[PDB]
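Dumped target_31.txt below, it's compact mmCIF, N, CA and C atoms and all ligand atoms:
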```txt
# COMPACT_ATOMS: atom_id res chain seq x y z
N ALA Z 16 98.18 82.77 71.87
CA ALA Z 16 97.37 84.02 71.96
C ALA Z 16 97.24 84.46 73.42
N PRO Z 17 98.36 84.85 74.09
CA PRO Z 17 98.30 85.35 75.47
C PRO Z 17 97.66 86.75 75.50
N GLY Z 18 96.36 86.81 75.81
CA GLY Z 18 95.44 87.90 75.43
C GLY Z 18 95.48 89.13 76.33
N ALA Z 19 95.96 89.02 77.57
CA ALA Z 19 95.97 90.13 78.56
C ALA Z 19 97.32 90.19 79.29
N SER Z 20 98.42 90.30 78.55
CA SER Z 20 99.77 90.07 79.09
C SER Z 20 100.59 91.36 79.09
N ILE Z 21 100.33 92.38 78.23
CA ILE Z 21 101.13 93.63 78.35
C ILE Z 21 100.23 94.83 78.65
N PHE Z 22 100.83 95.86 79.23
CA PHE Z 22 100.17 97.15 79.54
C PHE Z 22 100.75 98.22 78.62
N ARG Z 23 99.83 98.93 77.96
CA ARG Z 23 100.16 100.08 77.11
C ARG Z 23 99.52 101.33 77.68
N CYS Z 24 100.08 102.48 77.37
CA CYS Z 24 99.45 103.77 77.72
C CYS Z 24 98.07 103.77 77.08
N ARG Z 25 97.04 104.08 77.86
CA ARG Z 25 95.64 104.11 77.37
C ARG Z 25 95.45 105.20 76.30
N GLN Z 26 96.23 106.28 76.37
CA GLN Z 26 96.05 107.46 75.48
C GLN Z 26 96.69 107.22 74.11
N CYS Z 27 97.80 106.51 74.01
CA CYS Z 27 98.62 106.52 72.76
C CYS Z 27 99.16 105.13 72.38
N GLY Z 28 99.05 104.13 73.25
CA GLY Z 28 99.51 102.76 72.97
C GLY Z 28 100.97 102.49 73.21
N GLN Z 29 101.75 103.45 73.72
CA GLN Z 29 103.16 103.20 74.13
C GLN Z 29 103.23 101.95 75.02
N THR Z 30 104.15 101.04 74.74
CA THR Z 30 104.44 99.86 75.60
C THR Z 30 105.00 100.32 76.95
N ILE Z 31 104.41 99.91 78.07
CA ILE Z 31 104.80 100.42 79.42
C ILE Z 31 105.26 99.26 80.31
N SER Z 32 104.48 98.19 80.43
CA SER Z 32 104.81 97.13 81.42
C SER Z 32 104.13 95.81 81.03
N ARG Z 33 104.15 94.83 81.93
CA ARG Z 33 103.72 93.43 81.66
C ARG Z 33 103.07 92.91 82.92
N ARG Z 34 102.02 92.10 82.78
CA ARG Z 34 101.36 91.44 83.93
C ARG Z 34 102.43 90.65 84.72
N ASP Z 35 103.35 90.02 84.00
CA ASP Z 35 104.47 89.23 84.58
C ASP Z 35 105.28 90.10 85.56
N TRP Z 36 105.25 91.43 85.41
CA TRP Z 36 106.12 92.34 86.20
C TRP Z 36 105.39 92.94 87.42
N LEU Z 37 104.14 92.57 87.67
CA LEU Z 37 103.43 93.06 88.88
C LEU Z 37 104.25 92.66 90.11
N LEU Z 38 104.34 93.57 91.08
CA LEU Z 38 105.12 93.41 92.33
C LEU Z 38 104.18 93.58 93.53
N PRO Z 39 103.94 92.52 94.33
CA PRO Z 39 103.22 92.65 95.60
C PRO Z 39 104.09 93.35 96.65
N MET Z 40 103.94 94.67 96.79
CA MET Z 40 104.55 95.53 97.84
C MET Z 40 103.65 95.45 99.08
N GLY Z 41 104.21 95.04 100.22
CA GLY Z 41 103.44 94.77 101.45
C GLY Z 41 102.28 93.81 101.22
N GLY Z 42 102.45 92.82 100.34
CA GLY Z 42 101.49 91.70 100.19
C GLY Z 42 100.43 91.92 99.11
N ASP Z 43 100.45 93.04 98.38
CA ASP Z 43 99.40 93.32 97.35
C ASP Z 43 100.01 94.23 96.28
N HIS Z 44 99.81 93.89 95.01
CA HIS Z 44 100.26 94.77 93.89
C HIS Z 44 99.39 96.04 93.84
N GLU Z 45 98.18 96.02 94.38
CA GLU Z 45 97.24 97.17 94.35
C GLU Z 45 97.27 97.95 95.67
N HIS Z 46 97.43 99.26 95.58
CA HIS Z 46 97.42 100.23 96.70
C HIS Z 46 96.50 101.40 96.33
N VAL Z 47 95.45 101.63 97.10
CA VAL Z 47 94.55 102.79 96.83
C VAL Z 47 95.01 103.94 97.72
N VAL Z 48 95.34 105.08 97.12
CA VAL Z 48 96.09 106.17 97.81
C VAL Z 48 95.53 107.53 97.41
N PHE Z 49 95.82 108.56 98.20
CA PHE Z 49 95.38 109.95 97.98
C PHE Z 49 96.58 110.89 98.10
N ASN Z 50 96.68 111.87 97.22
CA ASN Z 50 97.77 112.88 97.27
C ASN Z 50 97.27 114.07 98.08
N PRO Z 51 98.13 115.08 98.34
CA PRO Z 51 97.74 116.27 99.10
C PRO Z 51 96.60 117.06 98.46
N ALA Z 52 96.40 116.88 97.15
CA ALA Z 52 95.36 117.57 96.36
C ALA Z 52 94.06 116.75 96.42
N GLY Z 53 94.03 115.66 97.19
CA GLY Z 53 92.86 114.83 97.46
C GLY Z 53 92.53 113.88 96.31
N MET Z 54 93.40 113.76 95.31
CA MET Z 54 93.15 112.83 94.19
C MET Z 54 93.42 111.41 94.68
N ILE Z 55 92.43 110.53 94.48
CA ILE Z 55 92.53 109.07 94.69
C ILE Z 55 93.20 108.44 93.48
N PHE Z 56 94.09 107.48 93.72
CA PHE Z 56 94.75 106.68 92.67
C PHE Z 56 94.67 105.23 93.10
N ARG Z 57 94.21 104.38 92.18
CA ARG Z 57 94.40 102.93 92.30
C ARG Z 57 95.78 102.62 91.69
N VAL Z 58 96.78 102.40 92.53
CA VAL Z 58 98.18 102.23 92.04
C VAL Z 58 98.45 100.74 91.94
N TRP Z 59 98.99 100.30 90.80
CA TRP Z 59 99.54 98.93 90.65
C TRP Z 59 101.06 99.03 90.70
N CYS Z 60 101.68 98.24 91.57
CA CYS Z 60 103.15 98.20 91.69
C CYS Z 60 103.69 97.23 90.66
N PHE Z 61 104.70 97.69 89.93
CA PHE Z 61 105.46 96.89 88.96
C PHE Z 61 106.93 96.96 89.34
N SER Z 62 107.62 95.83 89.23
CA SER Z 62 109.10 95.77 89.37
C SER Z 62 109.75 96.55 88.24
N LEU Z 63 109.13 96.53 87.06
CA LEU Z 63 109.76 97.04 85.82
C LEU Z 63 108.70 97.76 85.00
N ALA Z 64 109.12 98.77 84.27
CA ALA Z 64 108.32 99.49 83.27
C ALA Z 64 109.29 100.10 82.28
N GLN Z 65 108.77 100.47 81.12
CA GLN Z 65 109.57 101.05 80.02
C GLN Z 65 108.69 102.11 79.37
N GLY Z 66 109.23 102.87 78.43
CA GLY Z 66 108.46 103.82 77.61
C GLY Z 66 108.03 105.03 78.40
N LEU Z 67 108.53 105.20 79.62
CA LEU Z 67 108.20 106.35 80.49
C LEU Z 67 109.25 107.42 80.32
N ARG Z 68 108.95 108.61 80.84
CA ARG Z 68 109.90 109.73 80.99
C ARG Z 68 109.80 110.18 82.45
N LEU Z 69 110.89 110.05 83.20
CA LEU Z 69 110.92 110.34 84.66
C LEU Z 69 111.32 111.80 84.82
N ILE Z 70 110.50 112.61 85.50
CA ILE Z 70 110.65 114.09 85.52
C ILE Z 70 111.30 114.53 86.83
N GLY Z 71 112.44 115.21 86.71
CA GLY Z 71 113.13 115.87 87.83
C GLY Z 71 113.89 114.90 88.71
N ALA Z 72 114.10 115.28 89.97
CA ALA Z 72 114.85 114.53 90.98
C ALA Z 72 113.85 113.96 91.99
N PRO Z 73 114.19 112.85 92.66
CA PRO Z 73 113.31 112.23 93.63
C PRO Z 73 113.01 113.13 94.83
N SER Z 74 111.83 112.92 95.41
CA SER Z 74 111.34 113.57 96.65
C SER Z 74 110.71 112.51 97.57
N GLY Z 75 110.92 112.60 98.87
CA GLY Z 75 110.28 111.72 99.86
C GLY Z 75 108.98 112.32 100.37
N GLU Z 76 108.67 113.57 100.03
CA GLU Z 76 107.50 114.30 100.60
C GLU Z 76 106.22 113.53 100.25
N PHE Z 77 105.45 113.14 101.26
CA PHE Z 77 104.13 112.48 101.12
C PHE Z 77 104.24 111.11 100.45
N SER Z 78 105.41 110.47 100.42
CA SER Z 78 105.56 109.12 99.82
C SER Z 78 104.57 108.13 100.44
N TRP Z 79 103.87 107.38 99.59
CA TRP Z 79 102.90 106.34 100.00
C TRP Z 79 103.63 105.08 100.43
N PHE Z 80 104.94 105.01 100.20
CA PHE Z 80 105.74 103.77 100.38
C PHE Z 80 106.94 104.13 101.24
N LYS Z 81 106.95 103.63 102.48
CA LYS Z 81 107.93 104.05 103.52
C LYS Z 81 109.33 103.75 102.99
N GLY Z 82 110.25 104.71 103.09
CA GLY Z 82 111.66 104.51 102.70
C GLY Z 82 111.93 104.83 101.24
N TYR Z 83 110.91 105.18 100.45
CA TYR Z 83 111.04 105.43 98.99
C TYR Z 83 110.77 106.90 98.67
N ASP Z 84 111.62 107.43 97.80
CA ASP Z 84 111.51 108.75 97.15
C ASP Z 84 110.87 108.53 95.78
N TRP Z 85 110.06 109.48 95.33
CA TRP Z 85 109.32 109.30 94.05
C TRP Z 85 109.79 110.33 93.03
N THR Z 86 109.63 109.96 91.76
CA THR Z 86 109.71 110.87 90.59
C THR Z 86 108.45 110.64 89.76
N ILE Z 87 107.86 111.71 89.26
CA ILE Z 87 106.72 111.66 88.31
C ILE Z 87 107.17 110.86 87.08
N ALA Z 88 106.32 109.91 86.68
CA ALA Z 88 106.53 109.07 85.48
C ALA Z 88 105.46 109.46 84.46
N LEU Z 89 105.87 110.09 83.36
CA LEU Z 89 104.98 110.41 82.22
C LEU Z 89 105.17 109.33 81.15
N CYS Z 90 104.13 109.11 80.35
CA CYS Z 90 104.28 108.36 79.09
C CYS Z 90 105.36 109.10 78.30
N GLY Z 91 106.42 108.41 77.88
CA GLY Z 91 107.52 109.04 77.11
C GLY Z 91 107.02 109.46 75.74
N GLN Z 92 105.91 108.89 75.28
CA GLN Z 92 105.36 109.20 73.94
C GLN Z 92 104.42 110.40 74.03
N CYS Z 93 103.34 110.33 74.82
CA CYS Z 93 102.24 111.33 74.78
C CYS Z 93 102.30 112.32 75.95
N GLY Z 94 103.08 112.03 76.99
CA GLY Z 94 103.24 112.90 78.17
C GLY Z 94 102.11 112.72 79.18
N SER Z 95 101.19 111.77 78.97
CA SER Z 95 100.14 111.42 79.98
C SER Z 95 100.84 111.04 81.30
N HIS Z 96 100.32 111.48 82.44
CA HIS Z 96 100.87 111.08 83.75
C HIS Z 96 100.44 109.65 84.08
N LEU Z 97 101.36 108.69 84.12
CA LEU Z 97 101.03 107.26 84.30
C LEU Z 97 101.29 106.80 85.73
N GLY Z 98 102.07 107.57 86.49
CA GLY Z 98 102.35 107.26 87.90
C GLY Z 98 103.71 107.76 88.34
N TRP Z 99 104.46 106.94 89.08
CA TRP Z 99 105.71 107.37 89.75
C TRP Z 99 106.74 106.25 89.69
N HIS Z 100 108.01 106.66 89.63
CA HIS Z 100 109.14 105.75 89.86
C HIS Z 100 109.58 105.96 91.30
N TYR Z 101 109.80 104.86 92.01
CA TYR Z 101 110.22 104.90 93.42
C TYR Z 101 111.67 104.40 93.49
N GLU Z 102 112.51 105.07 94.28
CA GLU Z 102 113.93 104.71 94.48
C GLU Z 102 114.34 105.03 95.91
N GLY Z 103 115.56 104.64 96.30
CA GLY Z 103 116.18 105.03 97.57
C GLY Z 103 115.69 104.17 98.72
N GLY Z 104 114.94 103.11 98.43
CA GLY Z 104 114.34 102.25 99.46
C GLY Z 104 115.11 100.96 99.58
N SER Z 105 114.46 99.90 100.06
CA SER Z 105 115.12 98.61 100.35
C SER Z 105 114.20 97.46 99.95
N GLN Z 106 114.73 96.49 99.21
CA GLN Z 106 114.08 95.18 98.94
C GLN Z 106 112.67 95.41 98.40
N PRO Z 107 112.52 95.91 97.15
CA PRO Z 107 113.64 96.33 96.31
C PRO Z 107 114.04 97.79 96.52
N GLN Z 108 115.19 98.18 95.97
CA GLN Z 108 115.64 99.59 96.01
C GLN Z 108 114.66 100.45 95.20
N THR Z 109 114.12 99.92 94.10
CA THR Z 109 113.30 100.70 93.13
C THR Z 109 112.09 99.88 92.65
N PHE Z 110 111.03 100.56 92.21
CA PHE Z 110 109.87 99.95 91.53
C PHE Z 110 109.03 101.09 90.95
N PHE Z 111 107.99 100.74 90.19
CA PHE Z 111 107.07 101.73 89.57
C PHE Z 111 105.69 101.54 90.19
N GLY Z 112 105.07 102.65 90.57
CA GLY Z 112 103.65 102.68 90.96
C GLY Z 112 102.87 103.34 89.85
N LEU Z 113 102.11 102.54 89.11
CA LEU Z 113 101.42 103.04 87.91
C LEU Z 113 99.92 103.09 88.18
N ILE Z 114 99.25 104.07 87.62
CA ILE Z 114 97.78 104.27 87.80
C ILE Z 114 97.03 103.30 86.86
N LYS Z 115 96.36 102.32 87.43
CA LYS Z 115 95.77 101.18 86.68
C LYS Z 115 94.88 101.68 85.52
N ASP Z 116 94.04 102.67 85.77
CA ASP Z 116 93.01 103.11 84.80
C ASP Z 116 93.65 104.00 83.73
N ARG Z 117 94.96 104.26 83.79
CA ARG Z 117 95.67 105.02 82.74
C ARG Z 117 96.37 104.05 81.78
N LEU Z 118 96.28 102.74 82.05
CA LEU Z 118 96.91 101.66 81.24
C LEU Z 118 95.84 100.86 80.52
N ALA Z 119 96.17 100.32 79.35
CA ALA Z 119 95.32 99.36 78.61
C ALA Z 119 96.04 98.01 78.56
N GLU Z 120 95.34 96.96 78.97
CA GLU Z 120 95.89 95.59 79.04
C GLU Z 120 95.49 94.85 77.76
N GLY Z 121 96.42 94.10 77.19
CA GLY Z 121 96.17 93.43 75.90
C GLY Z 121 97.25 92.42 75.56
N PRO Z 122 97.09 91.75 74.40
CA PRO Z 122 98.02 90.68 74.01
C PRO Z 122 99.46 91.15 73.77
N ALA Z 123 100.40 90.24 74.00
CA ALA Z 123 101.86 90.40 73.77
C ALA Z 123 102.17 90.56 72.28
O1 LIG Z 201 104.08 108.61 96.82
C1 LIG Z 201 103.57 109.62 96.37
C2 LIG Z 201 103.81 110.06 94.97
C3 LIG Z 201 103.62 111.55 94.76
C4 LIG Z 201 102.23 111.94 95.25
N1 LIG Z 201 102.02 113.36 95.13
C5 LIG Z 201 102.69 114.38 95.94
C6 LIG Z 201 102.27 115.64 95.25
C7 LIG Z 201 102.65 116.96 95.46
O2 LIG Z 201 103.58 117.17 96.46
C8 LIG Z 201 104.33 118.40 96.46
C9 LIG Z 201 103.54 119.42 97.23
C10 LIG Z 201 102.76 119.03 98.30
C11 LIG Z 201 102.02 119.96 99.01
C12 LIG Z 201 102.04 121.30 98.67
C13 LIG Z 201 101.24 122.30 99.46
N2 LIG Z 201 100.51 121.67 100.57
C14 LIG Z 201 100.78 122.27 101.88
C15 LIG Z 201 100.04 121.50 102.94
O3 LIG Z 201 99.38 120.36 102.41
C16 LIG Z 201 98.45 120.75 101.41
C17 LIG Z 201 99.07 121.62 100.36
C18 LIG Z 201 102.82 121.70 97.59
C19 LIG Z 201 103.56 120.77 96.87
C20 LIG Z 201 102.11 117.96 94.66
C21 LIG Z 201 101.19 117.64 93.66
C22 LIG Z 201 100.80 116.32 93.45
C23 LIG Z 201 101.35 115.35 94.26
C24 LIG Z 201 101.15 113.90 94.23
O4 LIG Z 201 100.39 113.27 93.53
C25 LIG Z 201 101.98 111.49 96.68
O5 LIG Z 201 101.29 112.13 97.43
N3 LIG Z 201 102.64 110.34 97.09
ZN ZN Z 202 100.91 107.76 76.11
```
Turn the structure described in the file into structure tokens.
Ligand SMILES: O=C1CC[C@H](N2Cc3c(OCc4ccc(CN5CCOCC5)cc4)cccc3C2=O)C(=O)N1
Ligand SMILES: [Zn+2]
Amino acid sequence: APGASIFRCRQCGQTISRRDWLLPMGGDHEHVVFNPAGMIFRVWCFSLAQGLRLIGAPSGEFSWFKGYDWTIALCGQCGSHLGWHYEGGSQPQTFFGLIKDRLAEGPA
């Protein structure tokens, strides 16, 4: 009964990621960040995620992670904004920054 091992979309229950997949970027999986619109996000970095829909082409504008371009990551099921896919960087080349409070943690 591994009780807190997967992350689902809080809105619809789509399978998104796993506690096992948390990635400490610059020493911490958690990054508290603000966009140009002044919205605060508690971002959890994951090496891997699924069940998302990545919108458009990458942009480096206002990237919170040096060397990485982002794409908006929506829940592929309900279209809720869950965070961003990061690419074009180094070690790793790619990862997901997901908004912690938009995910529900629960058993495998
Ligand atoms: O890593 C990341 C992931 C993406 C994330 N971003 C960028 C971003 C935007 O970025 C496009 C954009 C940015 C700025 C403007 C207009 N300016 C002009 C001067 O500054 C204030 C208003 C228009 C469009 C537009 C809307 C939301 C976000 C958002 O959440 C972020 O910040 N860092
Ligand atoms: Zn959803």
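For range 65-118 of chain Z, the set of residues given strand (DSSP E) by DSSP on the backbone reads residues 67, 68, 69, 70, 71, 72, 73, 74, 84, 85, 86, 87, 88, 89, 90, 96, 97, 98, 99, 100, 101, 102, 110, 111, 112, 113, 114 and 118 of chain Z.
Proximity to residue 81 in chain Z was assessed for Z:118, Z:64, Z:52, Z:40 counting only C-alpha atoms; the smallest distance is recorded for Z:40.
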Quick one: which chain Z residues come within 8 Å of ligand LIG 201 (chain Z), and what is the nearest atom pair for each with the distance in Å to one decimal, counting only C-alpha atoms and all ligand atoms, rows ordered by chain and ascending number, as a Markdown table?
```
| residue | atom | partner | partner_atom | distance |
| --- | --- | --- | --- | --- |
| Z:48 | CA | Z:LIG201 | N3 | 7.8 |
| Z:49 | CA | Z:LIG201 | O5 | 6.3 |
| Z:50 | CA | Z:LIG201 | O5 | 3.6 |
| Z:51 | CA | Z:LIG201 | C16 | 5.1 |
| Z:52 | CA | Z:LIG201 | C22 | 6.3 |
| Z:54 | CA | Z:LIG201 | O4 | 7.3 |
| Z:75 | CA | Z:LIG201 | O1 | 7.6 |
| Z:76 | CA | Z:LIG201 | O2 | 6.4 |
| Z:77 | CA | Z:LIG201 | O5 | 4.7 |
| Z:78 | CA | Z:LIG201 | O1 | 3.4 |
| Z:79 | CA | Z:LIG201 | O1 | 4.1 |
| Z:80 | CA | Z:LIG201 | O1 | 6.2 |
| Z:83 | CA | Z:LIG201 | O1 | 8.0 |
| Z:84 | CA | Z:LIG201 | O1 | 7.4 |
| Z:85 | CA | Z:LIG201 | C2 | 5.6 |
| Z:86 | CA | Z:LIG201 | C2 | 7.4 |
| Z:87 | CA | Z:LIG201 | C3 | 7.2 |
| Z:98 | CA | Z:LIG201 | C2 | 7.7 |
| Z:99 | CA | Z:LIG201 | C2 | 6.2 |
| Z:101 | CA | Z:LIG201 | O1 | 7.9 |
```
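In terms of minimum interatomic distance to ligand ZN 202 (chain Z), Z:93 ranks closest within Z:93, Z:62, Z:112, Z:122, counting only C-alpha atoms and all ligand atoms.
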Task: Surroundings of ligand ZN 202 (chain Z) up to 6.5 Å, based on only N, CA and C atoms and all ligand atoms, as an MDAnalysis selection string - done: chainID Z and resid 24:29 90:95
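These residues, each with an atom at most 12 Å from (98.0, 81.9, 73.5) using only C-alpha atoms, are residues 16, 17, 18, 19, 20, 121, 122 and 123 of chain Z.
Atom N of residue 42 in chain Z sits 25.0 Å away from CA of residue 69 in chain Z.
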Open item on the list: Env of residue 58 in chain Z: 9 Å cut, atoms = only C-alpha atoms, seq-sep filter 4 positions within chain, self excluded. Answer as number ranges by chain.
Closed with: Z: 44-48, 98, 112-116
Open item on the list: Env of residue 21 in chain Z: 7 Å cut, atoms = only N, CA and C atoms, seq-sep filter 5 positions within chain, self excluded. Answer as a ChimeraX atom specification.
Closed with: /Z:31-35,119-123
Kindly save the residues from that selection, with N, CA and C atoms included, as a compact mmCIF listing (two decimals), keeping the file's coordinate frame.
```txt
# COMPACT_ATOMS: atom_id res chain seq x y z
N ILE Z 31 104.41 99.91 78.07
CA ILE Z 31 104.80 100.42 79.42
C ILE Z 31 105.26 99.26 80.31
N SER Z 32 104.48 98.19 80.43
CA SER Z 32 104.81 97.13 81.42
C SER Z 32 104.13 95.81 81.03
N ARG Z 33 104.15 94.83 81.93
CA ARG Z 33 103.72 93.43 81.66
C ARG Z 33 103.07 92.91 82.92
N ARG Z 34 102.02 92.10 82.78
CA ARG Z 34 101.36 91.44 83.93
C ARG Z 34 102.43 90.65 84.72
N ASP Z 35 103.35 90.02 84.00
CA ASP Z 35 104.47 89.23 84.58
C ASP Z 35 105.28 90.10 85.56
N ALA Z 119 96.17 100.32 79.35
CA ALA Z 119 95.32 99.36 78.61
C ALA Z 119 96.04 98.01 78.56
N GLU Z 120 95.34 96.96 78.97
CA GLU Z 120 95.89 95.59 79.04
C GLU Z 120 95.49 94.85 77.76
N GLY Z 121 96.42 94.10 77.19
CA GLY Z 121 96.17 93.43 75.90
C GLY Z 121 97.25 92.42 75.56
N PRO Z 122 97.09 91.75 74.40
CA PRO Z 122 98.02 90.68 74.01
C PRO Z 122 99.46 91.15 73.77
N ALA Z 123 100.40 90.24 74.00
CA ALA Z 123 101.86 90.40 73.77
C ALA Z 123 102.17 90.56 72.28
```
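One finds CA of residue 61 in chain Z at 4.9 Å from CA of residue 38 in chain Z.
Taking CA of residue 37 in chain Z and CA of residue 59 in chain Z as endpoints, the distance between them is 7.3 Å.
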Taking all atoms of range 20-29 of chain Z that appear in the file, build a box with edges along x, y and z, extend it by 6 Å on every side, and state its centre and edge lengths in Å to one decimal, as AutoDock Vina command-line options.
```
--center_x 99.3 --center_y 98.8 --center_z 76.0 --size_x 19.8 --size_y 29.4 --size_z 19.2
```
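For the set Z:117, Z:89, Z:82, Z:56, the residue with the smallest atom-to-atom gap to residue 105 in chain Z is Z:82, counting all atoms listed in the file.
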Task: Residue among Z:88, Z:106, Z:111, Z:96 lying closest to residue 67 in chain Z, counting all atoms listed in the file - done: Z:88
TODO: as a ChimeraX atom specification, list the residues of chain Z assigned to helix (DSSP H, G or I) by DSSP on the backbone atoms of this structure.
DONE: /Z:34-36,115-117
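Minimum atom-to-atom distance to residue 43 in chain Z, evaluated using only C-alpha atoms, belongs to Z:57 out of Z:70, Z:100, Z:65, Z:57.
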